[PDB]
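Engineer: could you work out the structure for the sequence below:
(3 chains)
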Amino acid sequence: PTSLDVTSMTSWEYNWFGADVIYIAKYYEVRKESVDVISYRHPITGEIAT
Amino acid sequence: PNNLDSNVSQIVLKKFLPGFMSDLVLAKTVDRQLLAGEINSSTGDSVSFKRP
Amino acid sequence: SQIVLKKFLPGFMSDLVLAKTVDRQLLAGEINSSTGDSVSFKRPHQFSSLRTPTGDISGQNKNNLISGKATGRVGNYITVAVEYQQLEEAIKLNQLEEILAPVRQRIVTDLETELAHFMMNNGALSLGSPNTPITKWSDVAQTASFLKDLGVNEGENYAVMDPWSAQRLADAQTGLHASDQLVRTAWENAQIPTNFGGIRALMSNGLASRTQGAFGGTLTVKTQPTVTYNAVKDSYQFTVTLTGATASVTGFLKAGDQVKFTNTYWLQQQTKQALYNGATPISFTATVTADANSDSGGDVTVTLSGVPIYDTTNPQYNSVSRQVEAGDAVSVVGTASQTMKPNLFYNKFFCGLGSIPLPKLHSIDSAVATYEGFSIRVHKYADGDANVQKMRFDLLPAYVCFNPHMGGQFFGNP
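Structural biologist: Numbering: from 1, shown residues only, chains lettered A, B, ... in the order given. Take a look:
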């Protein structure tokens, strides 16, 4: 079943009739992670390539 | 005999043991959009809705 | 009859020397929200030696390990509160700035007076008779000589005296014979040098005064007290009861009185050898802490500061030649009920001082006032419907006594 987020923000001085709206939100995060970089050093057509 | 109990101190750590807790099902299931923003303390103490 | 000036007349002011000299380093920001209402310091350790021809200690007892403490606590509030009718107050008194000037100095003066009372109540050492004032050069040098004789090195030594005593010493400098700078300075400014007799001498006008307290009869102790180190390893205070007093006198001994044990002498703390005052040995003395009455039968129970430790299982902590026992003879210095202003001398590590910051009360306007390093919280509120505003000032100090055997009172002697 559908469970929607609650904000209790709107309906402030307005007439509401459509209960067919479900509120979904996108969540963004930024993290510091350890990643391994591989340096392909084929000399032909440029060598230093990480 | 060595009496050196004044060389130490009684310590109460800054740690809190876990407590008890309940759950919320009744509040989430009810209808809250109808009554939200419809009652004001100064205006009155009752609201009415129309039957079909 | 109507026009008035907007500048007040000058008033009278004391001086602050006690706060600027005592130790304000060890006890500072230590009684916080986590420590509680008291905090304690440690004490140094002492050891004794066993002398054997061949080095065998199997039969004898190895030195035990006993640790002491020195606790510091918080005192009462320093609160001054006023109320006024704001219509009559605001007639010509702008922004209520005139109240601020004479209240911070009142707070500081009360704090210093209570500090002096505490210092002379907890000091142990005494010198000279209370009646005789200070008139010569030796009366100051005796304090430094005594402090050096006990064996205190780490610190600075200070002596405090009233304005008139400085004048009498200053006149002696005028009569010097070969020092031009000294005689010129004394003749012109009437100022004694900083170091007078090897001790940092100071002058103060605001110095607490005390009364002796009526006593009469040849006092002596009835019961041998307990002066073992384990009993007094936390406070250096002990209780003793006396006989031979007057029938029934209330207030027999006031706070600050010095009780002297005739036949028990001080000791050089490191060498544990007796003290010799040029021609006579130095007797042990103690200070009354709380007021004591006398009941029928002439029995007085009093609590004294400073302990004559002669523990027999811990010889390393001895500080007096012989153990105080029943039948000993004691006496109280001074006359019956005279009142005098004592002169104080102490080491740097004798009494501490600190302040506890005070938070602002919720939903009440307030501010912070600073005066010689003291922060005073001022609060204003408007309780009452009778136009009665109220203003209050607060300050919360804390004291500690480290070693009672490193200070006390002193007078002149004939």
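Engineer: who's in contact with the most centrally placed residue in chain A?
Structural biologist: Centre of chain A computed as the mean C-alpha position; nearest residue by Cα atoms, centre = their mean is residue A:28, 3.9 Å away. Contacts here follow Cβ atoms under 8 Å, 6 or more residues apart in numbering or on different chains; on that basis residue A:28 touches nothing. Bear in mind the C-beta positions are built from the backbone N, C-alpha and C, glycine included.
Engineer: three-state assignment of it?
Structural biologist: Here residue A:28 is coil, with the state taken from DSSP: H, G, I helix; E, B strand; the rest coil.
Engineer: check the gap between it and residue C:374 for me.
Structural biologist: Per Cβ to Cβ, to the nearest Å, residue A:28 is found 53 Å from residue C:374.
Engineer: got the buried residues for stretch C:168-188?
Structural biologist: Residues of stretch C:168-188 classed as buried by neighbour count (16 or more other Cβ atoms under 10 Å in any protein chain shown): C:169-170, C:173, C:185-186.
Engineer: quickly note the distance from the nearest residue to residue C:337 once chain neighbours are set aside to residue A:37.
Structural biologist: Distance criterion Cβ to Cβ, 6 or more residues apart in numbering or on different chains; nearest residue to residue C:337, sequence neighbours excluded, is residue C:214 at 5.0 Å. With distances taken as Cβ to Cβ, residue C:214 is found 94 Å from residue A:37.
Engineer: which of these two has more neighbours?
Structural biologist: Counting neighbours by other Cβ atoms under 10 Å in any protein chain shown for residue C:214 and for residue A:37 shows that residue C:214 has the greater number, 16 against 5.
Engineer: residues near the residue nearest to residue C:268 when sequence neighbours are not counted, how many?
Structural biologist: Counting by Cβ to Cβ, 6+ apart, residue C:151 is the residue found nearest to residue C:268 once chain neighbours are left out, at 5.9 Å. Neighbours of residue C:151 under the rule other Cβ under 10 Å: 11.
Engineer: likewise for the one 4 residues further on?
Structural biologist: Using other Cβ under 10 Å as the criterion, residue C:155 is surrounded by 14 other residues.
Engineer: look up how far residue C:382 lies from it.
Structural biologist: When distances are taken as Cβ to Cβ, residue C:155 and residue C:382 turn out to be 51 Å apart.
Engineer: then residue C:158?
Structural biologist: 47 Å.
Engineer: mind checking which of the two has more residues around it?
Structural biologist: When residue C:158 is set against residue C:382 and neighbours are counted by other Cβ under 10 Å, the residue ahead is residue C:158, at 22 against 11.
Engineer: what kind of secondary structure is that one in?
Structural biologist: Secondary structure, three-state DSSP: residue C:158 is strand.
Engineer: may I have the beta-bridge partners of it?
Structural biologist: Assessed by DSSP bridges, residue C:158 has beta-bridge partners residue C:200, residue C:346.
Engineer: what sits against it?
Structural biologist: Counted by Cβ under 8 Å, 6+ apart, residue C:158 has contacts C:21, C:199-202, C:345-346, C:348.
Engineer: again, but for residue C:408
Structural biologist: C:120, C:123-127, C:287, C:344-346.
Engineer: quick one: the helices in chain A, in order.
Structural biologist: Residue ranges of helices cannot be listed for chain A, since DSSP state H assigns none.
Engineer: find the nearest non-adjacent residue to the residue in it that chain C sits nearest to, please.
Structural biologist: For chain A, the nearest residue to chain C under the criterion Cβ to the nearest Cβ is residue A:8, separated by 28.6 Å. Setting aside the residues directly before and after it, residue A:8 is nearest to residue B:36 in space (Cβ to Cβ, 6+ apart), at 6.1 Å.
Engineer: name the SS class of the one you found, please.
Structural biologist: In the three-state summary, residue B:36 is assigned as coil, counting by three-state DSSP.
Engineer: ok, it touching residue A:11?
Structural biologist: Yes - the criterion here is Cβ atoms under 8 Å, and residue B:36 meets it with residue A:11 at 6.0 Å.
Engineer: show me what contacts residue C:31?
Structural biologist: For residue C:31, the contact set (Cβ under 8 Å, 6+ apart) comprises C:37-39, C:72, C:74, C:354, C:356, C:398.
Engineer: closest to residue C:208 among the residues you listed?
Structural biologist: Distance to residue C:208 across the contacts of residue C:31 (Cβ to Cβ) is lowest for residue C:398, with 19.1 Å.
Engineer: now do the SS call for that closest one.
Structural biologist: Applying three-state DSSP to residue C:398 yields a three-state assignment of strand.
Engineer: for it, list the residues it contacts.
Structural biologist: When contacts are counted by Cβ under 8 Å, 6+ apart, residue C:398 is found next to C:27, C:31, C:72-75, C:352-356.
Engineer: distance of it relative to residue C:347?
Structural biologist: Between residue C:398 and residue C:347 the distance is 20 Å, computed by Cβ to Cβ.
Engineer: so which residues on chain A come close to chain B?
Structural biologist: Within chain A, the positions lying close to chain B (Cβ under 8 Å from any Cβ of the partner chain) are A:3, A:6, A:8, A:11-12, A:16, A:19.
Engineer: in these, find the pair that's most separated.
Structural biologist: A:3 and A:12, at 23.1 Å, using Cβ to Cβ across these.
Engineer: find the helix or strand that the residue most central in space within chain C is a member of.
Structural biologist: Nearest to the centroid of the C-alpha atoms of chain C, with distances taken as Cα atoms, centre = their mean, sits residue C:119, at 1.1 Å. Counting by DSSP states H and E, the element that carries residue C:119 is helix C:100-122.
Engineer: which residues does the helix or strand following that helix contact?
Structural biologist: Stepping forward along the backbone from helix C:100-122, the first helix or strand reached (DSSP H and E) is helix C:138-150. Contacts to helix C:138-150, defined as Cβ under 8 Å, 6+ apart, come from residues C:125, C:127-128, C:134, C:157, C:159, C:161, C:169, C:196-199, C:201, C:266, C:268-269, C:275, C:345, C:347, C:405-406, C:410-413.
Engineer: pull out the buried residues from helix C:138-150.
Structural biologist: Buried residues in helix C:138-150, defined by neighbour count with 16+ other Cβ under 10 Å: C:139-140, C:142-147, C:150.
Engineer: okay, that helix in PDB with CA atoms only?
Structural biologist: Extracted C-alpha coordinates of helix C:138-150, given in PDB (Å, rounded to 0.1, in the frame of the first residue of the first chain):
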ATOM      1  CA  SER C 138      62.600  43.200  63.900                       C
ATOM      2  CA  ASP C 139      58.800  43.000  64.200                       C
ATOM      3  CA  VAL C 140      58.600  42.400  60.400                       C
ATOM      4  CA  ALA C 141      61.800  40.400  60.000                       C
ATOM      5  CA  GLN C 142      60.600  37.800  62.600                       C
ATOM      6  CA  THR C 143      57.900  36.600  60.200                       C
ATOM      7  CA  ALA C 144      60.400  35.900  57.400                       C
ATOM      8  CA  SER C 145      62.800  34.300  59.800                       C
ATOM      9  CA  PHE C 146      60.100  32.000  61.200                       C
ATOM     10  CA  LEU C 147      58.900  31.000  57.700                       C
ATOM     11  CA  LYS C 148      62.400  30.200  56.600                       C
ATOM     12  CA  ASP C 149      62.900  28.300  59.800                       C
ATOM     13  CA  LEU C 150      59.900  26.000  59.200                       C
END
